[PDB]
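To keep things clear, I will list the structure first and then write my remarks on it.
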Amino acid sequence: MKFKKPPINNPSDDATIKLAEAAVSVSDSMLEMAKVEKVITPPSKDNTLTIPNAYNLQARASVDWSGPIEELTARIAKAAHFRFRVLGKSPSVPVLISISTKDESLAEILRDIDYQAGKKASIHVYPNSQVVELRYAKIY
Amino acid sequence: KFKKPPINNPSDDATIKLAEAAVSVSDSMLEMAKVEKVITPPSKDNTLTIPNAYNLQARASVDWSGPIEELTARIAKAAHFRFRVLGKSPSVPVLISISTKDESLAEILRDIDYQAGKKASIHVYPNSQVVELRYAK
Amino acid sequence: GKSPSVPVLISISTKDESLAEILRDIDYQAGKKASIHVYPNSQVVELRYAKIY
Amino acid sequence: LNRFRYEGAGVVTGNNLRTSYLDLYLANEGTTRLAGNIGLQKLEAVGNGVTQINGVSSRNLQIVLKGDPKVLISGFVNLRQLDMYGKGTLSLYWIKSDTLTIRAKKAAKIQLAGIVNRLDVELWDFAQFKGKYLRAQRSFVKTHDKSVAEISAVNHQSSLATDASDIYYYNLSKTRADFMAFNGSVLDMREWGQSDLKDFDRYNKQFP
Amino acid sequence: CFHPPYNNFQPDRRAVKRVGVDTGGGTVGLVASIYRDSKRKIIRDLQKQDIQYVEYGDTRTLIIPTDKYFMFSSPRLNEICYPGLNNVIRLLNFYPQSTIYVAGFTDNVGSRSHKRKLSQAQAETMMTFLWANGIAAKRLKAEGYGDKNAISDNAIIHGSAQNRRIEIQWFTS
Amino acid sequence: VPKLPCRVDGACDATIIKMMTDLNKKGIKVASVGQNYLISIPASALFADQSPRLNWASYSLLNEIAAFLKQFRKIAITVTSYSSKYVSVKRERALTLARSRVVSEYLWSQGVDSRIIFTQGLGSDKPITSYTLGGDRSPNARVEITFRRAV
Amino acid sequence: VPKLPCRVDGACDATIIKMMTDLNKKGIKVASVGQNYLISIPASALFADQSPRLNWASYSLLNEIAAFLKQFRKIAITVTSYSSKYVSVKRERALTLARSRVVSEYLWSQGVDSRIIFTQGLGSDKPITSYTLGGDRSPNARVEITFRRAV
Amino acid sequence: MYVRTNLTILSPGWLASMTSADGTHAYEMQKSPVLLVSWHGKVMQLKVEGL
Amino acid sequence: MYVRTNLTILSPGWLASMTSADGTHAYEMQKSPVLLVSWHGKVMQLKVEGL
Amino acid sequence: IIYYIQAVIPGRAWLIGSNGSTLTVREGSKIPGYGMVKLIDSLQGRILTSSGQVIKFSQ
Amino acid sequence: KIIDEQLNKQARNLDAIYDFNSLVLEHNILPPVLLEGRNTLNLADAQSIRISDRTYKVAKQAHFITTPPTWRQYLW
């Protein structure tokens, strides 16, 4: 008639304990960071306008990439049967994007890729032209 | 006959909190980028529209790193167009480097317009077969 | 208000009292550093720090 | 007027009738043409007849029949329950209710549209129910063999299928859960070309 | 026979195979069957599993670990614990009268809106799985609470693991 | 070289040709051409009738094909689903998309270190048999998982 | 090593769970959910008929309660008393308040290392069952103590 | 140390770089026994001896 | 000596005290092998080694 | 003011307003604040007006 | 060795949480590190103390960068 609390796991490690102790404070800092930033500025623009969805774009893609963007978007365009276009020069500093996502839509993938690119590059899609297009930032 | 559990199972109390915190901080950074990014509508994006005349549908392979006017004049020569210029060249001429193996001529001109910035622009008349380059103030 | 850099340390040793006189004795041992107010209509217990220095 | 019972192959046509309540009992081809706003709570048809009613502004009603009528109904009526045991065909324009319970046994072809928060649907065999454009916050569907359901759930979706049954939803709910035993199938059936299509979220990635 | 996927949501016939292979007699098979089917043995099997049962007055409650019995950060069902799930259905078959309340609970970390959404989705898919066995929908109500009242302490890693849970209550009348 | 790997970890070519021999004896189509590889599976051998539901006995074969798949080194894996003609083109495309989605997410749950996994379905648009008497029983109803081995 | 303690003094968890088992088989309800522990005692095992007089034989049971209770490490304890409806709200709440106060004072006099003890009685406002056949023999007349295990 | 390769270095910093017409790279940096490279979207480590 | 805790020091007297946003305090003081603190309304003693 | 769609049928649509107003509209009629309705789409919740405004489902 | 192989086994979440590339400015320049403090009091001697409500300071000055850092030089 013995007593047991429910949660049973494998034994842990003190390094992982310290990892959790750092991670909770980092997550709180980023939480209040995003909260204060959303308070400070009003959003006005959405990238769903500039890259709308299309047909033959609902094939799912689960992806963990840990490098630059060019080979990734070329592979994406090859899977999407669309022409691929590049505008501007790649700078001397390479642009590196890390992605770990579970099989969502390709338009969502492109929107998130452009979001993580931010000020470095821009993405446009012409489905009437069946062309995906990258454009680098002109700066300096 | 046997369904197997996943290999990368977060089967530890520290690991589930670690992965949950990673998901939360990734969401926070994503929302930061969402509220931070400034973009443009594709209605009024200042880019060269394609006149899609038949002389521009050919292909070429061009490597270049230098000025602009002689390249545009040679492009108009290959397209059997005429060349027009308005404005004056600056003290430092505009330098554009293009390396490509296969393209469209209109794609070449569009990327030329993209790399030109605000100091110069182009116009195509496909009826009277001409291309014009305009300087700024 | 805000608690000062020097913390306020309170030593209580009593037995079997009601919460009203518990709060009264807390206030009396508090001295001038803080004050206690109540609002039983709104069910509110409030501390306030003294504004010195 | 309070009571109308017709039997024996007749046709009644009327327009601009207003009444608080009357009870209707139709049998043996009572061909009804009505062009007025009538409130009522009970209407019983035996079956094998047509009925044109344009406008029922009533708080509540109850319909139960065993035959195979052809009924197309306009108005804004809250219902409580509905049961079908024959070869029933029905279409309704607007339903503004709170909770509905639909049971279909033998052959049902019922088309509905409206805003009802709570829906419970039971299908036994050879019933094709179309709650397309019928937005529902809560939905609970159970289908047995040879049953077709078209749903428009908004917030909370519960789907259970034994076999031989098709469950097609035309809106991505905020919560979706489903189970199929032998040959039931739940499908998205959407367009894949909508300019404003919304995708899954973390909570909505319920992999079937 | 038997289907490991929940026997396709059908009322199983389990002890008849046991008494058949016992005869291959019938009386000793039946008394062993009802010795297995004693409710104390059901509680003993549920305590062999990681499920906590509390009886108090006319109210009975069950506690289920979200992490072991559910897929992580997702409303996906963990497929392994279906013997315990069948035991849950067998125990819950005894009370066809009273209403049931079901609730989800999480830890303290993240957006409060995110906690609310995950807990509510968790409670809704739990009650949906329960409704799939044949319970009346009018007898049910679900709530996914966030970190509103932690029965453990979220200061420790172990306590924060112990916090997240599924709580099922039901009365007698 | 004593402090370097002699081979890739968990690699045996004899095991690889053994298991591809076993799968060819079972009937799953294993195609090797260049460094690109195709695996074709019939629909009835994995799923239920006209339904995105998996038999519990199929998990041994799915674990075996995942064990073969995690041997090699790859970047992108393509999954394409094909079916018969049952109700409508939308119905068949949605069914193939759902089946491909389920098998792809289970394959990524299993430990094969891909970088990109693409999943899509087409229904009965591209059959491989003129003989189309069966439905799910017909061999043109299938699932194809393909890649190219890269060094 | 021998200067620093190895454990909390006077603590043996095997003895703790053994006396928990013996107390539950005696009839006193022990509840352990999370870090919170609750002890429920019937009022007929403690007092006389609606009167706050302590039984002489109940002191051994109270000694067992204190001996189990001082095993833990705690900060604040809370004890509440409940009864059945007899005359009023006032008489019943007064009886529960008096019983809770006297048992809390004896426990605070006894050797349990805590910081805070809260005591209250509520009379007959919130029972646990609708079976109101008995009086003080009815199980809704009860005394509960509650605490949370700390660190 | 000066390294000719074709991939992209990640971790230890680098004083200067140069790229060919074919995309191969040459880097000049301070000495390090171990470098980090994203090969094809997957990270990789390289060990340098003889320093 | 420089100590870091979210507790409250009583006995020896410190030269300076500062706080974090989480309430964790840091103290600069002189060397002393035994500390007196309050944990949760209870008084404890603490050891300082390496002196 | 801003109106929202409530129920969509081929032929007629339901308008719910910010003042709580309720309206049933045909395929083409004059509507307040938006001019003239020219198109009803029953596949997707999009109806465009003569003012160019397209009404969607409220959130 | 045990803690290093555990560190390598828990691989992707470190780079997931330490996304340093988002912190970099437009001109590929490392943002600086800022120190905070609240409710500070320094006693100079007897009869003389000084208390500030909050304080902030610069730990390391912002400078240029070529490639972003990671967790490997810190935790290994």
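Residues in the structure tokens are numbered from 1 in each chain, the chains being A, B, ... in the order shown, and ligands are numbered from 1 in the order shown.
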
I want to know what sits within 10 Å of residue 118 of chain F, based on only C-alpha atoms, with residues of the same chain fewer than 4 positions away left out; could you give that as a ChimeraX atom specification? /A:59-63,76,79,103 /F:76-80,100-101,104,145

LSQ fit chain I -> chain H, C-alpha in sequence order, output as a short mmCIF file (atom, residue, chain, number, x, y, z; two decimals) with N, CA, C and O atoms, in the first residue's frame:
```
data_model
loop_
_atom_site.label_atom_id
_atom_site.label_comp_id
_atom_site.auth_asym_id
_atom_site.auth_seq_id
_atom_site.Cartn_x
_atom_site.Cartn_y
_atom_site.Cartn_z
N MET I 1 48.46 32.31 -39.33
CA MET I 1 48.11 31.16 -40.14
C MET I 1 47.25 31.59 -41.32
O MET I 1 46.49 32.56 -41.26
N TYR I 2 47.39 30.83 -42.40
CA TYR I 2 46.76 31.11 -43.67
C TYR I 2 46.11 29.83 -44.14
O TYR I 2 46.81 28.84 -44.39
N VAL I 3 44.79 29.83 -44.23
CA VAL I 3 44.05 28.64 -44.61
C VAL I 3 43.35 28.90 -45.94
O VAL I 3 43.12 30.04 -46.35
N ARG I 4 43.01 27.80 -46.60
CA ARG I 4 42.44 27.82 -47.94
C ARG I 4 41.39 26.72 -48.00
O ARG I 4 41.72 25.55 -47.78
N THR I 5 40.15 27.11 -48.28
CA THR I 5 39.05 26.16 -48.40
C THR I 5 37.91 26.82 -49.15
O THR I 5 37.85 28.03 -49.27
N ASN I 6 36.98 26.00 -49.64
CA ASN I 6 35.73 26.52 -50.16
C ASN I 6 34.61 26.43 -49.14
O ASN I 6 33.44 26.59 -49.50
N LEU I 7 34.95 26.16 -47.88
CA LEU I 7 33.97 26.06 -46.81
C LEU I 7 33.82 27.43 -46.13
O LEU I 7 34.32 28.44 -46.61
N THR I 8 33.11 27.46 -45.00
CA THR I 8 32.89 28.70 -44.26
C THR I 8 33.29 28.49 -42.81
O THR I 8 32.78 27.59 -42.14
N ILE I 9 34.19 29.34 -42.32
CA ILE I 9 34.72 29.27 -40.96
C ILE I 9 33.79 30.04 -40.03
O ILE I 9 33.21 31.07 -40.42
N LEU I 10 33.60 29.53 -38.81
CA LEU I 10 32.69 30.15 -37.86
C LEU I 10 33.39 30.73 -36.64
O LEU I 10 33.25 31.92 -36.36
N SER I 11 34.16 29.92 -35.92
CA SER I 11 34.50 30.26 -34.53
C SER I 11 35.51 31.39 -34.34
O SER I 11 35.12 32.44 -33.82
N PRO I 12 36.78 31.25 -34.74
CA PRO I 12 37.83 32.00 -34.03
C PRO I 12 37.95 33.47 -34.41
O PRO I 12 38.58 34.22 -33.66
N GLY I 13 37.37 33.90 -35.52
CA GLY I 13 37.57 35.27 -35.96
C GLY I 13 38.86 35.40 -36.74
O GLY I 13 39.93 35.07 -36.24
N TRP I 14 38.77 35.90 -37.97
CA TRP I 14 39.93 35.96 -38.84
C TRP I 14 40.33 37.41 -39.07
O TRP I 14 39.52 38.32 -38.95
N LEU I 15 41.61 37.60 -39.37
CA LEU I 15 42.08 38.95 -39.65
C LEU I 15 41.64 39.41 -41.03
O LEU I 15 41.22 40.57 -41.20
N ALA I 16 41.72 38.54 -42.03
CA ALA I 16 41.30 38.94 -43.37
C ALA I 16 40.81 37.74 -44.14
O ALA I 16 41.21 36.60 -43.88
N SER I 17 39.93 38.00 -45.11
CA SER I 17 39.32 36.95 -45.92
C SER I 17 39.22 37.43 -47.36
O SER I 17 38.83 38.58 -47.62
N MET I 18 39.57 36.55 -48.30
CA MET I 18 39.45 36.86 -49.72
C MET I 18 38.89 35.65 -50.45
O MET I 18 38.85 34.54 -49.92
N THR I 19 38.45 35.88 -51.69
CA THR I 19 37.75 34.86 -52.45
C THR I 19 38.32 34.77 -53.86
O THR I 19 38.83 35.75 -54.41
N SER I 20 38.21 33.58 -54.44
CA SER I 20 38.54 33.32 -55.83
C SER I 20 37.29 33.44 -56.69
O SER I 20 36.18 33.60 -56.19
N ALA I 21 37.49 33.33 -58.00
CA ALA I 21 36.37 33.33 -58.93
C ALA I 21 35.53 32.07 -58.82
O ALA I 21 34.37 32.07 -59.23
N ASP I 22 36.09 30.99 -58.28
CA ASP I 22 35.34 29.77 -58.02
C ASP I 22 34.72 29.76 -56.63
O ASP I 22 34.12 28.75 -56.24
N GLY I 23 34.84 30.85 -55.88
CA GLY I 23 34.27 30.92 -54.55
C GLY I 23 35.15 30.36 -53.46
O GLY I 23 34.74 30.39 -52.29
N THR I 24 36.33 29.85 -53.79
CA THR I 24 37.22 29.33 -52.77
C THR I 24 37.82 30.48 -51.98
O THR I 24 38.39 31.42 -52.55
N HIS I 25 37.67 30.43 -50.67
CA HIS I 25 38.11 31.48 -49.77
C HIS I 25 39.48 31.17 -49.19
O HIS I 25 39.88 30.00 -49.04
N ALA I 26 40.19 32.23 -48.86
CA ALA I 26 41.45 32.16 -48.14
C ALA I 26 41.36 33.09 -46.94
O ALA I 26 40.82 34.20 -47.03
N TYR I 27 41.89 32.62 -45.81
CA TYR I 27 41.79 33.35 -44.56
C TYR I 27 43.16 33.54 -43.93
O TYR I 27 43.96 32.60 -43.89
N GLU I 28 43.40 34.75 -43.44
CA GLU I 28 44.53 35.06 -42.59
C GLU I 28 44.01 35.30 -41.18
O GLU I 28 43.12 36.14 -40.98
N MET I 29 44.58 34.59 -40.21
CA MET I 29 44.10 34.65 -38.84
C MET I 29 45.23 34.25 -37.90
O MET I 29 46.37 34.04 -38.31
N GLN I 30 44.89 34.15 -36.62
CA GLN I 30 45.82 33.74 -35.58
C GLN I 30 45.73 32.24 -35.36
O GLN I 30 44.79 31.58 -35.79
N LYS I 31 46.74 31.71 -34.67
CA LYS I 31 46.84 30.27 -34.46
C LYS I 31 45.75 29.76 -33.53
O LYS I 31 45.48 30.36 -32.49
N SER I 32 45.11 28.66 -33.92
CA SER I 32 44.08 28.02 -33.12
C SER I 32 43.97 26.56 -33.54
O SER I 32 43.87 26.26 -34.73
N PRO I 33 43.99 25.62 -32.59
CA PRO I 33 44.07 24.20 -32.96
C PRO I 33 42.76 23.60 -33.42
O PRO I 33 42.78 22.54 -34.06
N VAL I 34 41.63 24.22 -33.12
CA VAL I 34 40.32 23.65 -33.42
C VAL I 34 39.50 24.69 -34.16
O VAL I 34 39.40 25.84 -33.72
N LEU I 35 38.93 24.29 -35.29
CA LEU I 35 38.09 25.17 -36.09
C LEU I 35 36.65 24.68 -36.10
O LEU I 35 36.39 23.47 -36.06
N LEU I 36 35.72 25.62 -36.16
CA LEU I 36 34.30 25.31 -36.28
C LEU I 36 33.81 25.82 -37.62
O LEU I 36 34.01 26.99 -37.96
N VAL I 37 33.18 24.94 -38.40
CA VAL I 37 32.78 25.26 -39.77
C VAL I 37 31.37 24.74 -40.02
O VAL I 37 30.86 23.90 -39.28
N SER I 38 30.76 25.25 -41.08
CA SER I 38 29.50 24.74 -41.59
C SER I 38 29.75 24.11 -42.95
O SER I 38 30.32 24.76 -43.84
N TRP I 39 29.33 22.87 -43.11
CA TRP I 39 29.65 22.11 -44.33
C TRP I 39 28.52 22.24 -45.35
O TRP I 39 28.72 22.74 -46.46
N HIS I 40 27.33 21.78 -44.99
CA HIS I 40 26.14 21.95 -45.82
C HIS I 40 24.94 22.19 -44.93
O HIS I 40 23.92 21.49 -45.00
N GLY I 41 25.06 23.15 -44.02
CA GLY I 41 24.05 23.37 -43.01
C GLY I 41 24.26 22.55 -41.77
O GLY I 41 23.40 22.58 -40.87
N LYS I 42 25.37 21.82 -41.68
CA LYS I 42 25.72 21.04 -40.51
C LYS I 42 27.06 21.52 -39.99
O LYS I 42 27.94 21.90 -40.77
N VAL I 43 27.22 21.52 -38.68
CA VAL I 43 28.39 22.08 -38.04
C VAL I 43 29.42 20.98 -37.81
O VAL I 43 29.09 19.91 -37.30
N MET I 44 30.66 21.25 -38.21
CA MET I 44 31.76 20.32 -38.04
C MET I 44 32.92 21.01 -37.34
O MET I 44 33.01 22.24 -37.30
N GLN I 45 33.81 20.19 -36.79
CA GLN I 45 35.03 20.66 -36.15
C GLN I 45 36.23 20.13 -36.92
O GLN I 45 36.19 19.02 -37.46
N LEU I 46 37.30 20.92 -36.95
CA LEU I 46 38.48 20.62 -37.76
C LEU I 46 39.74 20.76 -36.93
O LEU I 46 39.83 21.61 -36.04
N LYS I 47 40.73 19.93 -37.26
CA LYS I 47 41.98 19.82 -36.52
C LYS I 47 43.09 20.60 -37.20
O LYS I 47 43.22 20.57 -38.42
N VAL I 48 43.90 21.28 -36.39
CA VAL I 48 45.08 21.99 -36.86
C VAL I 48 46.28 21.41 -36.13
O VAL I 48 46.32 21.43 -34.89
N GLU I 49 47.25 20.91 -36.88
CA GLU I 49 48.39 20.21 -36.30
C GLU I 49 49.68 20.95 -36.62
O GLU I 49 49.72 21.86 -37.45
N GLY I 50 50.75 20.52 -35.95
CA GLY I 50 52.05 21.14 -36.10
C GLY I 50 52.26 22.38 -35.27
O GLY I 50 53.30 23.03 -35.41
N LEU I 51 51.31 22.73 -34.41
CA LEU I 51 51.43 23.92 -33.58
C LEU I 51 52.35 23.68 -32.40
O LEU I 51 53.57 23.66 -32.54
#
```

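Taking atom CA of residue 120 of chain B and atom CA of residue 133 of chain A as endpoints, the distance between them is 22.5 Å.
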
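The space separating atom CA of residue 31 of chain F from atom CA of residue 89 of chain F comes to 28.8 Å.
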
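When DSSP is run on the backbone, the residues of segment 32-106 of chain A that fall into helix (DSSP H, G or I) are residues 32, 33, 34, 35, 36, 37, 38, 39, 40, 47, 48, 49, 50, 70, 71, 72, 73, 74, 75, 76, 77, 78, 79 and 106 of chain A.
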
For N, CA and C atoms, I'd like the residues from the last selection saved as a PDB file, in the first residue's frame.
```pdb
ATOM      1  N   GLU A  32      10.313  40.036 -21.104  1.00  0.00           N
ATOM      2  CA  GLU A  32      10.075  41.444 -20.824  1.00  0.00           C
ATOM      3  C   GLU A  32      10.662  42.333 -21.912  1.00  0.00           C
ATOM      4  N   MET A  33      11.702  41.860 -22.611  1.00  0.00           N
ATOM      5  CA  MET A  33      12.265  42.612 -23.727  1.00  0.00           C
ATOM      6  C   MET A  33      11.265  42.749 -24.864  1.00  0.00           C
ATOM      7  N   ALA A  34      10.661  41.630 -25.266  1.00  0.00           N
ATOM      8  CA  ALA A  34       9.671  41.651 -26.334  1.00  0.00           C
ATOM      9  C   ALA A  34       8.421  42.409 -25.913  1.00  0.00           C
ATOM     10  N   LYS A  35       8.035  42.286 -24.637  1.00  0.00           N
ATOM     11  CA  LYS A  35       6.878  43.016 -24.126  1.00  0.00           C
ATOM     12  C   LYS A  35       7.093  44.523 -24.200  1.00  0.00           C
ATOM     13  N   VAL A  36       8.254  44.989 -23.734  1.00  0.00           N
ATOM     14  CA  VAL A  36       8.539  46.417 -23.728  1.00  0.00           C
ATOM     15  C   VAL A  36       8.701  46.939 -25.150  1.00  0.00           C
ATOM     16  N   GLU A  37       9.298  46.137 -26.037  1.00  0.00           N
ATOM     17  CA  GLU A  37       9.467  46.572 -27.419  1.00  0.00           C
ATOM     18  C   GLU A  37       8.132  46.681 -28.147  1.00  0.00           C
ATOM     19  N   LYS A  38       7.229  45.726 -27.910  1.00  0.00           N
ATOM     20  CA  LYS A  38       5.889  45.802 -28.474  1.00  0.00           C
ATOM     21  C   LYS A  38       5.117  46.986 -27.909  1.00  0.00           C
ATOM     22  N   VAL A  39       5.362  47.321 -26.643  1.00  0.00           N
ATOM     23  CA  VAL A  39       4.769  48.517 -26.053  1.00  0.00           C
ATOM     24  C   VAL A  39       5.287  49.770 -26.750  1.00  0.00           C
ATOM     25  N   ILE A  40       6.601  49.829 -26.976  1.00  0.00           N
ATOM     26  CA  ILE A  40       7.237  51.046 -27.472  1.00  0.00           C
ATOM     27  C   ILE A  40       6.842  51.313 -28.917  1.00  0.00           C
ATOM     28  N   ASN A  47       4.661  41.114 -43.775  1.00  0.00           N
ATOM     29  CA  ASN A  47       5.325  40.561 -44.945  1.00  0.00           C
ATOM     30  C   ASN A  47       4.459  39.575 -45.713  1.00  0.00           C
ATOM     31  N   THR A  48       3.292  39.207 -45.180  1.00  0.00           N
ATOM     32  CA  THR A  48       2.359  38.372 -45.930  1.00  0.00           C
ATOM     33  C   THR A  48       1.844  39.095 -47.166  1.00  0.00           C
ATOM     34  N   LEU A  49       1.807  40.427 -47.113  1.00  0.00           N
ATOM     35  CA  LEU A  49       1.490  41.228 -48.287  1.00  0.00           C
ATOM     36  C   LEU A  49       2.534  41.047 -49.383  1.00  0.00           C
ATOM     37  N   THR A  50       3.813  41.221 -49.049  1.00  0.00           N
ATOM     38  CA  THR A  50       4.827  41.216 -50.094  1.00  0.00           C
ATOM     39  C   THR A  50       5.221  39.815 -50.539  1.00  0.00           C
ATOM     40  N   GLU A  70      22.073  30.809 -49.142  1.00  0.00           N
ATOM     41  CA  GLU A  70      21.974  30.714 -50.596  1.00  0.00           C
ATOM     42  C   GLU A  70      21.656  29.299 -51.051  1.00  0.00           C
ATOM     43  N   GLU A  71      22.402  28.320 -50.535  1.00  0.00           N
ATOM     44  CA  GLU A  71      22.162  26.923 -50.873  1.00  0.00           C
ATOM     45  C   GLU A  71      20.801  26.469 -50.376  1.00  0.00           C
ATOM     46  N   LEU A  72      20.385  26.993 -49.222  1.00  0.00           N
ATOM     47  CA  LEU A  72      19.086  26.663 -48.653  1.00  0.00           C
ATOM     48  C   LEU A  72      17.950  27.148 -49.544  1.00  0.00           C
ATOM     49  N   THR A  73      18.006  28.412 -49.972  1.00  0.00           N
ATOM     50  CA  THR A  73      16.907  28.925 -50.782  1.00  0.00           C
ATOM     51  C   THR A  73      16.953  28.379 -52.202  1.00  0.00           C
ATOM     52  N   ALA A  74      18.138  28.000 -52.692  1.00  0.00           N
ATOM     53  CA  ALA A  74      18.209  27.331 -53.984  1.00  0.00           C
ATOM     54  C   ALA A  74      17.570  25.951 -53.925  1.00  0.00           C
ATOM     55  N   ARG A  75      17.817  25.217 -52.834  1.00  0.00           N
ATOM     56  CA  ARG A  75      17.181  23.919 -52.641  1.00  0.00           C
ATOM     57  C   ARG A  75      15.671  24.065 -52.497  1.00  0.00           C
ATOM     58  N   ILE A  76      15.232  25.130 -51.822  1.00  0.00           N
ATOM     59  CA  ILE A  76      13.805  25.391 -51.653  1.00  0.00           C
ATOM     60  C   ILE A  76      13.141  25.687 -52.994  1.00  0.00           C
ATOM     61  N   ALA A  77      13.781  26.516 -53.824  1.00  0.00           N
ATOM     62  CA  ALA A  77      13.224  26.839 -55.136  1.00  0.00           C
ATOM     63  C   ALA A  77      13.202  25.619 -56.051  1.00  0.00           C
ATOM     64  N   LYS A  78      14.233  24.771 -55.959  1.00  0.00           N
ATOM     65  CA  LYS A  78      14.258  23.526 -56.721  1.00  0.00           C
ATOM     66  C   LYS A  78      13.119  22.603 -56.309  1.00  0.00           C
ATOM     67  N   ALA A  79      12.841  22.523 -55.006  1.00  0.00           N
ATOM     68  CA  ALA A  79      11.693  21.747 -54.552  1.00  0.00           C
ATOM     69  C   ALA A  79      10.374  22.385 -54.978  1.00  0.00           C
ATOM     70  N   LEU A 106       5.535  26.376 -46.853  1.00  0.00           N
ATOM     71  CA  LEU A 106       6.682  27.030 -47.464  1.00  0.00           C
ATOM     72  C   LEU A 106       6.577  28.547 -47.404  1.00  0.00           C
TER      73      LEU A 106
END
```

Excluding residue 186 of chain D and its own-chain neighbours fewer than 6 positions away, which residues fall within 10 Å of it when counting only C-alpha atoms? Please give them as a PyMOL selection string. (chain D and resi 149+159-161+165-169+178-180+208) or (chain F and resi 51-52+94-95+98)

- Message: Using only C-alpha atoms and a distance of at most 10 Å, pull out the residues of chain E that contact chain F, as a VMD selection string.
- Response: chain E and resid 3 to 5

Go ahead and dump the residues you just picked, N, CA and C atoms, as a PDB file, in the first residue's frame.
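Final file, result01.pdb:
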```
ATOM      1  N   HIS E   3      -7.095  -5.469 -30.188  1.00  0.00           N
ATOM      2  CA  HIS E   3      -6.352  -4.491 -30.966  1.00  0.00           C
ATOM      3  C   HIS E   3      -5.641  -3.539 -30.018  1.00  0.00           C
ATOM      4  N   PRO E   4      -4.314  -3.448 -30.082  1.00  0.00           N
ATOM      5  CA  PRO E   4      -3.560  -2.508 -29.223  1.00  0.00           C
ATOM      6  C   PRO E   4      -3.957  -1.048 -29.403  1.00  0.00           C
ATOM      7  N   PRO E   5      -4.388  -0.566 -30.618  1.00  0.00           N
ATOM      8  CA  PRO E   5      -4.998   0.771 -30.618  1.00  0.00           C
ATOM      9  C   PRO E   5      -6.398   0.787 -30.034  1.00  0.00           C
TER      10      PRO E   5
END
```

- Message: Based on only C-alpha atoms, which of the residues in chain A come within 12 Å of chain K? I want them as a count of residues only.
- Response: 41

How close does each residue of chain E get to chain B, giving the shortest atom pair and distance in Å to one decimal for every residue with an atom at most 12 Å away, counting only C-alpha atoms, sorted by chain and residue number, as CSV?
```
residue,atom,partner,partner_atom,distance
E:3,CA,B:1,CA,11.4
E:4,CA,B:1,CA,9.8
E:5,CA,B:3,CA,11.2
E:66,CA,B:16,CA,11.5
E:67,CA,B:11,CA,8.4
E:68,CA,B:11,CA,8.2
E:69,CA,B:11,CA,11.6
E:70,CA,B:11,CA,11.6
E:71,CA,B:9,CA,9.5
E:72,CA,B:16,CA,7.6
E:73,CA,B:20,CA,7.4
E:74,CA,B:20,CA,11.1
E:78,CA,B:5,CA,9.2
E:79,CA,B:3,CA,8.4
E:80,CA,B:5,CA,8.0
E:81,CA,B:5,CA,11.5
E:106,CA,B:17,CA,11.4
E:107,CA,B:17,CA,9.2
E:108,CA,B:17,CA,10.5
E:109,CA,B:21,CA,7.6
E:110,CA,B:24,CA,6.2
E:111,CA,B:24,CA,7.9
E:112,CA,B:24,CA,11.4
E:113,CA,B:24,CA,11.9
E:114,CA,B:24,CA,9.1
E:115,CA,B:24,CA,10.9
E:154,CA,B:17,CA,11.5
E:156,CA,B:14,CA,10.5
E:157,CA,B:14,CA,6.8
E:158,CA,B:13,CA,6.9
E:159,CA,B:13,CA,9.7
E:160,CA,B:13,CA,8.5
E:161,CA,B:13,CA,5.9
E:162,CA,B:13,CA,9.1
E:163,CA,B:13,CA,11.3
E:164,CA,B:13,CA,11.2
```
